[PDB]
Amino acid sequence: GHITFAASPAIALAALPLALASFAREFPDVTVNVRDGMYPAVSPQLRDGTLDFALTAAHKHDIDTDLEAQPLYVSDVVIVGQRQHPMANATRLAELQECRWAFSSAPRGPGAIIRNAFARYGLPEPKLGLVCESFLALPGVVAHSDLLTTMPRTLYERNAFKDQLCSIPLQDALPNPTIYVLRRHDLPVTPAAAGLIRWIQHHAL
């Protein structure tokens, strides 16, 4: 009666605590073990059965045949910079094209969201200022620099540096990844795991 799973940062910050509280009421005899995990790194842990499932951004098409991918929702990606950033008031990606970026993690590699965003608008590649794979470190790094970055809106709202950050009110499109449940399709879904996932969906809305 154990559930071991991984959760992505957006999930970890809002949905997870509320979900675990609702779930402990409904299934009080289940022991939960939760860890950090993003796609692709969770893939072999799901594959070998160390994780029962993982809640993470991913793209349907990159995902091994072993895994099924139940979409839960679409992420809300924001561009974030220190509060007085020269580009704080920008509305178009072309206006950011000379800024330096903290490339943050994403399923297709560090900085993949903003590189793809710039590409889709026929812009040149965004300038690399630094690679920061740690969503825990990222808000404080951006707050102490003039680097821009992308992050889920939940992390922008829930970090200890939020009074020193701003979100860029972009009117151009950003390629928001979809948040999936990832699990071996050959693994039957226990009532408890299904219950916990439904709670994370319910609270993440």
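The first residue of the shown sequence is 1; numbering continues from there.
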property: Mean C-alpha B-factor comparison - 189-197 and 5-13, higher one; result: 189-197
property: Higher-B stretch (mean Cα B-factor, as the entry records it), 165-173 or 146-154; result: 165-173
property: Top residue by Cα temperature factor, when 33, 178, 159, 50 are compared in the entry; result: 50
property: Ranked C-alpha temperature factor of residue 113 among modelled chain residues, by third; result: lowest
property: Chain thirds of CA B-factor: placement of residue 74; result: middle
property: CA B-factor placement of residue 122, once the chain's modelled residues are sorted into thirds; result: highest
property: For residue 137, the third of its chain into which the C-alpha B factor falls; result: lowest
property: Where the record places residue 89 (Cα B-factor, split into thirds across the chain); result: highest
